[PDB]
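*Asks:* What follows is coords.pdb; its format and atoms are PDB, C-alpha atoms and all ligand atoms.
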```
ATOM      1  CA  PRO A   1      53.976  83.902 -77.747
ATOM      2  CA  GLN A   2      50.215  84.126 -77.578
ATOM      3  CA  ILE A   3      48.570  81.501 -79.728
ATOM      4  CA  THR A   4      44.957  81.781 -80.785
ATOM      5  CA  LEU A   5      42.670  78.913 -81.298
ATOM      6  CA  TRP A   6      40.970  79.825 -84.581
ATOM      7  CA  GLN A   7      43.132  77.093 -86.073
ATOM      8  CA  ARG A   8      44.735  74.007 -84.468
ATOM      9  CA  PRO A   9      47.702  75.084 -82.317
ATOM     10  CA  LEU A  10      50.427  73.337 -84.273
ATOM     11  CA  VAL A  11      54.084  74.093 -83.535
ATOM     12  CA  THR A  12      57.526  72.822 -84.481
ATOM     13  CA  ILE A  13      59.255  70.587 -81.985
ATOM     14  CA  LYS A  14      62.804  69.274 -82.070
ATOM     15  CA  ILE A  15      63.462  65.753 -80.831
ATOM     16  CA  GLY A  16      66.095  63.102 -81.425
ATOM     17  CA  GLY A  17      67.727  65.411 -83.935
ATOM     18  CA  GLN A  18      64.495  65.410 -86.013
ATOM     19  CA  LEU A  19      62.034  68.315 -86.565
ATOM     20  CA  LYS A  20      58.306  67.591 -86.407
ATOM     21  CA  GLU A  21      54.943  69.321 -86.268
ATOM     22  CA  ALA A  22      52.908  68.684 -83.102
ATOM     23  CA  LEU A  23      49.665  69.881 -81.559
ATOM     24  CA  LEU A  24      49.760  71.840 -78.231
ATOM     25  CA  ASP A  25      47.110  69.852 -76.412
ATOM     26  CA  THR A  26      45.773  70.811 -73.023
ATOM     27  CA  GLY A  27      43.371  67.850 -73.099
ATOM     28  CA  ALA A  28      46.291  65.414 -73.265
ATOM     29  CA  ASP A  29      47.905  64.227 -70.057
ATOM     30  CA  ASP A  30      50.903  62.926 -72.025
ATOM     31  CA  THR A  31      53.018  63.636 -75.077
ATOM     32  CA  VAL A  32      52.550  61.165 -77.861
ATOM     33  CA  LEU A  33      54.435  61.004 -81.151
ATOM     34  CA  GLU A  34      54.099  58.978 -84.275
ATOM     35  CA  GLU A  35      56.458  55.984 -84.684
ATOM     36  CA  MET A  36      60.044  56.936 -84.436
ATOM     37  CA  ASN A  37      63.288  55.771 -82.898
ATOM     38  CA  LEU A  38      64.383  57.103 -79.504
ATOM     39  CA  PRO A  39      67.326  56.013 -77.355
ATOM     40  CA  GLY A  40      67.182  54.084 -74.103
ATOM     41  CA  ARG A  41      64.867  51.603 -72.459
ATOM     42  CA  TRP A  42      61.111  51.723 -72.724
ATOM     43  CA  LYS A  43      58.067  49.959 -71.328
ATOM     44  CA  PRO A  44      54.677  49.370 -72.932
ATOM     45  CA  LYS A  45      51.613  51.428 -72.072
ATOM     46  CA  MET A  46      47.965  51.756 -73.146
ATOM     47  CA  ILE A  47      46.579  55.243 -73.681
ATOM     48  CA  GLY A  48      42.989  56.099 -74.356
ATOM     49  CA  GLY A  49      40.998  58.965 -75.764
ATOM     50  CA  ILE A  50      38.024  59.408 -78.038
ATOM     51  CA  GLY A  51      37.685  56.138 -79.952
ATOM     52  CA  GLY A  52      39.320  53.928 -77.256
ATOM     53  CA  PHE A  53      42.913  52.859 -76.599
ATOM     54  CA  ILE A  54      46.162  52.402 -78.454
ATOM     55  CA  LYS A  55      49.425  50.692 -77.407
ATOM     56  CA  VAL A  56      52.526  52.904 -77.171
ATOM     57  CA  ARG A  57      56.137  52.672 -76.027
ATOM     58  CA  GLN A  58      57.131  54.892 -73.078
ATOM     59  CA  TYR A  59      60.554  56.567 -73.114
ATOM     60  CA  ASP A  60      61.555  58.542 -70.054
ATOM     61  CA  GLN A  61      63.821  61.586 -69.622
ATOM     62  CA  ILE A  62      63.837  62.597 -73.286
ATOM     63  CA  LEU A  63      65.094  66.047 -74.260
ATOM     64  CA  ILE A  64      62.723  68.047 -76.438
ATOM     65  CA  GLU A  65      62.457  71.640 -77.714
ATOM     66  CA  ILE A  66      59.072  73.286 -78.268
ATOM     67  CA  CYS A  67      59.268  76.659 -80.116
ATOM     68  CA  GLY A  68      62.713  77.238 -78.826
ATOM     69  CA  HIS A  69      61.835  76.256 -75.231
ATOM     70  CA  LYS A  70      63.909  73.365 -73.895
ATOM     71  CA  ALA A  71      62.377  70.681 -71.705
ATOM     72  CA  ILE A  72      62.741  67.130 -70.575
ATOM     73  CA  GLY A  73      60.052  64.483 -70.072
ATOM     74  CA  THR A  74      58.418  61.182 -70.860
ATOM     75  CA  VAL A  75      57.548  60.741 -74.508
ATOM     76  CA  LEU A  76      55.251  58.043 -75.760
ATOM     77  CA  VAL A  77      55.646  56.597 -79.211
ATOM     78  CA  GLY A  78      53.012  54.752 -81.182
ATOM     79  CA  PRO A  79      50.249  54.895 -83.800
ATOM     80  CA  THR A  80      48.760  58.255 -82.760
ATOM     81  CA  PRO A  81      46.808  60.051 -85.568
ATOM     82  CA  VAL A  82      48.774  63.314 -84.963
ATOM     83  CA  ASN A  83      51.774  64.385 -82.853
ATOM     84  CA  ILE A  84      50.550  65.657 -79.451
ATOM     85  CA  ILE A  85      52.390  67.754 -76.899
ATOM     86  CA  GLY A  86      50.644  67.096 -73.610
ATOM     87  CA  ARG A  87      50.508  68.587 -70.185
ATOM     88  CA  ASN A  88      53.662  66.798 -68.963
ATOM     89  CA  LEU A  89      55.644  69.027 -71.329
ATOM     90  CA  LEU A  90      53.382  72.105 -71.666
ATOM     91  CA  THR A  91      54.021  72.881 -67.957
ATOM     92  CA  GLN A  92      57.784  72.876 -68.543
ATOM     93  CA  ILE A  93      57.657  75.593 -71.168
ATOM     94  CA  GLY A  94      55.406  77.697 -69.004
ATOM     95  CA  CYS A  95      52.308  77.283 -71.168
ATOM     96  CA  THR A  96      48.981  78.422 -69.692
ATOM     97  CA  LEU A  97      45.407  78.923 -70.805
ATOM     98  CA  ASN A  98      44.150  82.497 -70.580
ATOM     99  CA  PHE A  99      40.708  84.145 -71.027
TER     100      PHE A  99
ATOM    101  CA  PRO B   1      41.605  83.688 -65.482
ATOM    102  CA  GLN B   2      44.991  82.039 -65.989
ATOM    103  CA  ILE B   3      44.935  78.249 -65.848
ATOM    104  CA  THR B   4      48.195  76.284 -65.449
ATOM    105  CA  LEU B   5      48.535  72.701 -66.676
ATOM    106  CA  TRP B   6      49.985  70.841 -63.660
ATOM    107  CA  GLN B   7      46.570  69.185 -63.329
ATOM    108  CA  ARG B   8      43.850  68.786 -65.945
ATOM    109  CA  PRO B   9      42.168  72.089 -66.811
ATOM    110  CA  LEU B  10      38.789  71.028 -65.664
ATOM    111  CA  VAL B  11      36.124  73.709 -65.238
ATOM    112  CA  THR B  12      32.498  73.982 -64.317
ATOM    113  CA  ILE B  13      30.129  74.504 -67.251
ATOM    114  CA  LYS B  14      26.394  74.997 -67.243
ATOM    115  CA  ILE B  15      24.153  73.545 -69.908
ATOM    116  CA  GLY B  16      20.450  72.719 -69.780
ATOM    117  CA  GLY B  17      20.278  74.414 -66.397
ATOM    118  CA  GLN B  18      22.726  71.881 -64.905
ATOM    119  CA  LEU B  19      26.331  72.105 -63.811
ATOM    120  CA  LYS B  20      28.884  69.678 -65.220
ATOM    121  CA  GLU B  21      32.711  69.412 -65.122
ATOM    122  CA  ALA B  22      34.503  69.673 -68.485
ATOM    123  CA  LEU B  23      38.055  69.717 -69.857
ATOM    124  CA  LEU B  24      39.453  72.796 -71.639
ATOM    125  CA  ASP B  25      40.948  71.024 -74.594
ATOM    126  CA  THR B  26      43.039  72.841 -77.173
ATOM    127  CA  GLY B  27      43.623  69.563 -78.975
ATOM    128  CA  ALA B  28      39.882  69.206 -79.687
ATOM    129  CA  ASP B  29      38.358  70.904 -82.723
ATOM    130  CA  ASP B  30      34.882  70.478 -81.295
ATOM    131  CA  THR B  31      33.020  70.368 -78.003
ATOM    132  CA  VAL B  32      31.800  66.901 -77.087
ATOM    133  CA  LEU B  33      29.755  66.077 -73.977
ATOM    134  CA  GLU B  34      28.784  62.825 -72.371
ATOM    135  CA  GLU B  35      25.358  61.395 -73.096
ATOM    136  CA  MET B  36      22.627  63.872 -72.146
ATOM    137  CA  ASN B  37      19.375  65.330 -73.436
ATOM    138  CA  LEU B  38      19.274  68.533 -75.481
ATOM    139  CA  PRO B  39      16.370  70.174 -77.270
ATOM    140  CA  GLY B  40      15.797  70.477 -81.034
ATOM    141  CA  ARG B  41      16.954  68.685 -84.206
ATOM    142  CA  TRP B  42      20.308  67.035 -84.381
ATOM    143  CA  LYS B  43      22.583  66.003 -87.267
ATOM    144  CA  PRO B  44      25.115  63.156 -87.443
ATOM    145  CA  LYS B  45      28.827  63.581 -87.135
ATOM    146  CA  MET B  46      31.828  61.248 -86.923
ATOM    147  CA  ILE B  47      34.716  62.553 -84.901
ATOM    148  CA  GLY B  48      38.155  61.010 -84.430
ATOM    149  CA  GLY B  49      40.526  60.860 -81.469
ATOM    150  CA  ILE B  50      43.417  58.739 -80.185
ATOM    151  CA  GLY B  51      41.795  55.357 -80.618
ATOM    152  CA  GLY B  52      39.514  55.860 -83.611
ATOM    153  CA  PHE B  53      36.193  57.382 -84.577
ATOM    154  CA  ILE B  54      32.898  57.545 -82.733
ATOM    155  CA  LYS B  55      29.420  58.635 -83.773
ATOM    156  CA  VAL B  56      27.974  61.668 -82.080
ATOM    157  CA  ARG B  57      24.886  63.864 -82.298
ATOM    158  CA  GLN B  58      25.367  67.513 -83.322
ATOM    159  CA  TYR B  59      23.228  70.217 -81.848
ATOM    160  CA  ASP B  60      23.629  73.813 -83.012
ATOM    161  CA  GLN B  61      23.042  77.188 -81.250
ATOM    162  CA  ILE B  62      23.075  75.705 -77.760
ATOM    163  CA  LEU B  63      23.473  77.940 -74.763
ATOM    164  CA  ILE B  64      26.445  76.900 -72.588
ATOM    165  CA  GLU B  65      28.390  78.729 -69.868
ATOM    166  CA  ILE B  66      32.056  77.977 -69.301
ATOM    167  CA  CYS B  67      33.397  79.246 -65.970
ATOM    168  CA  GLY B  68      30.393  81.604 -65.997
ATOM    169  CA  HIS B  69      31.281  82.950 -69.502
ATOM    170  CA  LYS B  70      28.124  82.741 -71.741
ATOM    171  CA  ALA B  71      28.539  81.009 -75.075
ATOM    172  CA  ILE B  72      26.100  79.926 -77.786
ATOM    173  CA  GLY B  73      27.329  77.275 -80.112
ATOM    174  CA  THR B  74      27.615  73.787 -81.455
ATOM    175  CA  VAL B  75      27.657  70.971 -78.939
ATOM    176  CA  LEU B  76      28.262  67.339 -79.830
ATOM    177  CA  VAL B  77      26.852  64.533 -77.699
ATOM    178  CA  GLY B  78      28.049  60.952 -77.625
ATOM    179  CA  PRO B  79      30.155  58.273 -75.965
ATOM    180  CA  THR B  80      33.098  60.436 -75.130
ATOM    181  CA  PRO B  81      35.190  59.435 -72.117
ATOM    182  CA  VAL B  82      34.921  62.976 -70.549
ATOM    183  CA  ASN B  83      33.165  66.303 -71.207
ATOM    184  CA  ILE B  84      35.404  68.235 -73.596
ATOM    185  CA  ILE B  85      35.340  71.948 -74.392
ATOM    186  CA  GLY B  86      36.932  72.340 -77.755
ATOM    187  CA  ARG B  87      38.243  75.168 -79.876
ATOM    188  CA  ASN B  88      34.840  76.110 -81.275
ATOM    189  CA  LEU B  89      33.918  77.380 -77.803
ATOM    190  CA  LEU B  90      37.359  78.235 -76.481
ATOM    191  CA  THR B  91      37.475  80.867 -79.216
ATOM    192  CA  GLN B  92      34.108  82.315 -78.115
ATOM    193  CA  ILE B  93      35.305  82.876 -74.649
ATOM    194  CA  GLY B  94      38.587  84.455 -75.860
ATOM    195  CA  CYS B  95      40.871  81.636 -74.714
ATOM    196  CA  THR B  96      44.449  81.613 -75.846
ATOM    197  CA  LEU B  97      47.598  79.625 -75.045
ATOM    198  CA  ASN B  98      50.512  81.670 -73.690
ATOM    199  CA  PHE B  99      54.167  80.935 -72.871
TER     200      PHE B  99
HETATM  201  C1  LIG A 101      47.122  61.684 -73.808
HETATM  202  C2  LIG A 101      46.075  61.423 -74.893
HETATM  203  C3  LIG A 101      46.655  61.731 -76.255
HETATM  204  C4  LIG A 101      45.602  59.978 -74.773
HETATM  205  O1  LIG A 101      44.993  62.307 -74.651
HETATM  206  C5  LIG A 101      43.824  62.579 -75.503
HETATM  207  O2  LIG A 101      43.535  61.926 -76.499
HETATM  208  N1  LIG A 101      43.076  63.588 -75.131
HETATM  209  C6  LIG A 101      41.859  63.988 -75.850
HETATM  210  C7  LIG A 101      40.909  64.489 -74.767
HETATM  211  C8  LIG A 101      40.627  63.404 -73.729
HETATM  212  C9  LIG A 101      41.167  63.523 -72.474
HETATM  213  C10 LIG A 101      40.977  62.546 -71.500
HETATM  214  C11 LIG A 101      40.204  61.423 -71.794
HETATM  215  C12 LIG A 101      39.646  61.315 -73.047
HETATM  216  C13 LIG A 101      39.856  62.280 -74.031
HETATM  217  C14 LIG A 101      42.179  65.063 -76.908
HETATM  218  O3  LIG A 101      42.838  66.231 -76.397
HETATM  219  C15 LIG A 101      43.077  64.473 -77.989
HETATM  220  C16 LIG A 101      42.854  65.314 -79.227
HETATM  221  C17 LIG A 101      44.154  65.339 -79.977
HETATM  222  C18 LIG A 101      44.052  64.352 -81.058
HETATM  223  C19 LIG A 101      43.735  64.827 -82.311
HETATM  224  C20 LIG A 101      43.610  63.948 -83.371
HETATM  225  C21 LIG A 101      43.814  62.615 -83.152
HETATM  226  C22 LIG A 101      44.106  62.122 -81.876
HETATM  227  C23 LIG A 101      44.239  62.997 -80.794
HETATM  228  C24 LIG A 101      41.622  64.812 -79.952
HETATM  229  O4  LIG A 101      41.153  63.678 -79.776
HETATM  230  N2  LIG A 101      41.029  65.697 -80.741
HETATM  231  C25 LIG A 101      39.820  65.378 -81.461
HETATM  232  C26 LIG A 101      38.789  65.685 -80.369
HETATM  233  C27 LIG A 101      37.314  65.420 -80.718
HETATM  234  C28 LIG A 101      36.747  66.567 -81.515
HETATM  235  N3  LIG A 101      35.966  66.239 -82.537
HETATM  236  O5  LIG A 101      36.995  67.728 -81.211
HETATM  237  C29 LIG A 101      39.651  66.229 -82.698
HETATM  238  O6  LIG A 101      40.090  67.387 -82.776
HETATM  239  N4  LIG A 101      39.047  65.572 -83.709
HETATM  240  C30 LIG A 101      38.637  66.223 -84.973
HETATM  241  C31 LIG A 101      39.651  66.079 -86.099
HETATM  242  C32 LIG A 101      39.932  64.681 -86.534
HETATM  243  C33 LIG A 101      39.195  64.087 -87.571
HETATM  244  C34 LIG A 101      39.508  62.791 -87.924
HETATM  245  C35 LIG A 101      40.524  62.102 -87.271
HETATM  246  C36 LIG A 101      41.234  62.694 -86.249
HETATM  247  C37 LIG A 101      40.954  64.003 -85.906
HETATM  248  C38 LIG A 101      37.300  65.654 -85.386
HETATM  249  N5  LIG A 101      36.296  66.477 -85.764
HETATM  250  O7  LIG A 101      37.187  64.462 -85.314
END
```
Using structure tokens, write down the structure that the file contains.
Ligand SMILES: CC(C)(C)OC(=O)N[C@@H](Cc1ccccc1)C(=O)C[C@@H](Cc1ccccc1)C(=O)N[C@@H](CCC(N)=O)C(=O)N[C@@H](Cc1ccccc1)C(N)=O
*Replies:*
Amino acid sequence: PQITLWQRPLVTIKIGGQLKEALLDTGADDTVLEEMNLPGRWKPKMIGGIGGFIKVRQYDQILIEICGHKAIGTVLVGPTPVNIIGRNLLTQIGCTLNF
Amino acid sequence: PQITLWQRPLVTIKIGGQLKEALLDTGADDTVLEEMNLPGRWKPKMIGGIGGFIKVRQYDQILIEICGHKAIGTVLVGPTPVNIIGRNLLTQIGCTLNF
């Protein structure tokens, strides 16, 4: 699809059997989701943006679907204000910026 | 152009006659630049990211070029970690996401 930017680019993702709304975010290196359970081991991580840093849990090799496109990647979980799909996963679904 | 997301989508902008690097950021509603001097009146704004809210100065009707594309719009100035080109300007230059 071609998604315009008149409004926030929110899409439906599928992860851990749950469906969620997340923001396609080219300014995000990583994918960060609100608190949720995921399987496997994890390690702590600090991520920063406008406003400073928050502490998240890093889960590796997690299957995710973004608008029907399947991918695998690292997913961070913590107190993010909104669900963010970052560059680590945008690449996998073939997402580019065009103008 | 077409910009892939394997690295940050950093571009050259020009504002106040000077060249700066900035991030094409679909996850940002607004454009926020690092501390600098701009002409005219400003108004206050609070904007929120990953780690909380920061105070910034809003300037309207500012000339800014993004990859040589001329734009005139609102530019926020404050303690942001990096120069960010947000949707307000990405729309002016005709930027979409595609996959
Ligand atoms: C991986 C990680 C998630 C940490 O990356 C980022 O945070 N990247 C930065 C851009 C950035 C990149 C690199 C360094 C610093 C910042 C952005 O792309 C994140 C995005 C996504 C996000 C959205 C809401 C809450 C948290 C995050 C972000 O911060 N957007 C902000 C950008 C600033 C702005 N005013 O445009 C945004 O749209 N804010 C809006 C909306 C808002 C209001 C209140 C509370 C929250 C949001 C605003 N006007 O504040």
*Asks:* Taking all atoms listed in the file into account, name the residue in A:32, A:4, A:24, A:60 that is nearest to residue 93 in chain A.
*Replies:*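 Under the stated criterion, the closest residue is A:24.
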*Asks:* Expand the PyMOL selection byres (((not hetatm)) within 6 of (chain A and resi 101)) into the explicit residue set it covers here, and present it as an NGL selection string.
*Replies:* (:A and (25 or 27-30 or 47-50 or 81-82)) or (:B and (25 or 27-31 or 47-50 or 81-82 or 86))
*Asks:* I'd like the contact shell of residue 1 in chain B - 9 Å cut-off, only C-alpha atoms, skipping same-chain residues fewer than 3 positions apart - returned as a ChimeraX atom specification.
*Replies:* /A:97-99
*Asks:* Using all atoms listed in the file, which protein or nucleic acid residues come within 8 Å of residue 57 in chain A? Drop anything in the same chain fewer than 2 positions from it, and give the result as an MDAnalysis selection string.
*Replies:* chainID A and resid 42:45 55 59 76:78
*Asks:* Keeping only C-alpha atoms, write the selected residues to a file as an mmCIF file, in the frame of the given file.
*Replies:*
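Result saved to result.cif:
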```cif
data_model
loop_
_atom_site.group_PDB
_atom_site.id
_atom_site.type_symbol
_atom_site.label_atom_id
_atom_site.label_comp_id
_atom_site.auth_asym_id
_atom_site.auth_seq_id
_atom_site.Cartn_x
_atom_site.Cartn_y
_atom_site.Cartn_z
ATOM 1 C CA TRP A 42 61.111 51.723 -72.724
ATOM 2 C CA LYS A 43 58.067 49.959 -71.328
ATOM 3 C CA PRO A 44 54.677 49.370 -72.932
ATOM 4 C CA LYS A 45 51.613 51.428 -72.072
ATOM 5 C CA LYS A 55 49.425 50.692 -77.407
ATOM 6 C CA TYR A 59 60.554 56.567 -73.114
ATOM 7 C CA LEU A 76 55.251 58.043 -75.760
ATOM 8 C CA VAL A 77 55.646 56.597 -79.211
ATOM 9 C CA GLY A 78 53.012 54.752 -81.182
#
```
*Asks:* I need the residue set behind the PyMOL selection byres (((chain B and resi 72) around 8) and not hetatm) for this file; please write it as a list in words.
*Replies:* residues 61, 62, 63, 64, 70, 71, 73 and 74 of chain B
*Asks:* Please indicate the distance in Å from CA of residue 6 in chain A to CA of residue 38 in chain B, rounded to one decimal place.
*Replies:*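 A separation of 26.1 Å between them.
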*Asks:* What does the structure give for the distance between CA of residue 13 in chain B and CA of residue 66 in chain B, in Å to one decimal?
*Replies:* 4.5 Å
*Asks:* Between A:17, A:52, A:40, A:79, single out the one closest to chain B, counting all atoms listed in the file.
*Replies:*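 Of A:17, A:52, A:40, A:79, the one nearest chain B is A:52, counting all atoms listed in the file.
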*Asks:* Calculated over all atoms listed in the file, which of the candidates B:22, B:90, B:67, B:15 has the smallest distance to residue 36 in chain B?
*Replies:* B:15
*Asks:* Just to confirm, what's the straight-line distance from CA of residue 53 in chain A to CA of residue 88 in chain B in Å (one decimal)?
*Replies:*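 If I compute the distance from CA of residue 53 in chain A to CA of residue 88 in chain B, I get 25.1 Å.
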